[PDB]
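Here you get one chain, nothing else, as structure tokens; it is the form deposited in one PDB entry.
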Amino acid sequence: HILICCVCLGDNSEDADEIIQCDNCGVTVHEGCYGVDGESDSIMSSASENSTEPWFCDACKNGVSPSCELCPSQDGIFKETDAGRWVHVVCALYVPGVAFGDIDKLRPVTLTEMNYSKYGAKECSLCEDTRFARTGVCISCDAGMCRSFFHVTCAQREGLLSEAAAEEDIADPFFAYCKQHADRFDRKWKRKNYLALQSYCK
């Protein structure tokens, strides 16, 4: 019933930044977390007298249920890369050296030789299926010199991903802490919203 954004795990849905839902795969996301904010209503919407219109994420528009170049998870919402592959929005935000082509639409994603050289270089300490602990790219805990490594989506599941507020003026506002260094209150509500996101999509 409650709508949760699968990128930031926030639950606020206002008229300016609405949490929307893909009508084929079911994922739910803030307009602003996916680059579809402030866009005009579709041409198909003139046919309806209803207040809502169908919407489809980019993977479904292309008829794929892709895998991510940067992690082993199959859930969540994706953006296409310049090479025709796919990455999670969340992985693109948190992995260093990965940037969005234009910030307004968050499209496309350009992955470099430097990104690919990090493949498998660290073992993800949170993978539940060790067969994948060395796929993709890990980030590390951002507390001091802590060298704890994990996939962005594995860290998301444990409620470890944080975003600084805009007023804080931190050039890279996306950061993560391992469980040893995390804010316990923040982990709690993020884990709670993650578990509700899993029950709603299924």
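Under this definition, the rigid core comprises the largest set of C-alpha atoms superposing within 1.5 Å between the forms. Shifts are known only where both forms have a C-alpha. From 1 onward, residues are counted along the sequence shown.
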item	value
Higher-B stretch (mean Cα B-factor, as the entry records it), 160-168 or 47-55	47-55
2-10 set against 193-201, stretch whose average Cα temperature factor tops the other in the entry	193-201
Member of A92, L106, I77, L126 with the greatest C-alpha B factor (per the PDB record)	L106
Which of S42, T153, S67, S148 ranks first by CA B-factor in the deposited coordinates	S42
Third of the chain, ranked by Cα B-factor, where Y119 sits	highest
CA B-factor placement of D37, once the chain's modelled residues are sorted into thirds	highest
Entry-reported Cα temperature factor of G97, expressed as the chain third it lands in	lowest
Entry-reported Cα temperature factor of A16, expressed as the chain third it lands in	highest
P173 - Cα temperature factor, lowest/middle/highest third of chain	lowest
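What comes next is about the form deposited in another entry, which does not appear here.
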property: Answer among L93, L126, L106, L111 for the CA shift between this form and the one not shown that reaches 2 Å or more, rigid core superposed; result: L106
property: Pairwise C-alpha change, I103 versus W86, in that other deposited form against this form - closer or farther, 3 angstroms or more; result: closer
property: Direction of Cα pair change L106-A155 in that other deposited form, magnitude 3 angstroms or more; result: farther
property: Residue ranges moving between this form and the one not shown (criterion: at least three consecutive CA positions shifted 2 angstroms or more, core aligned); result: 100-107
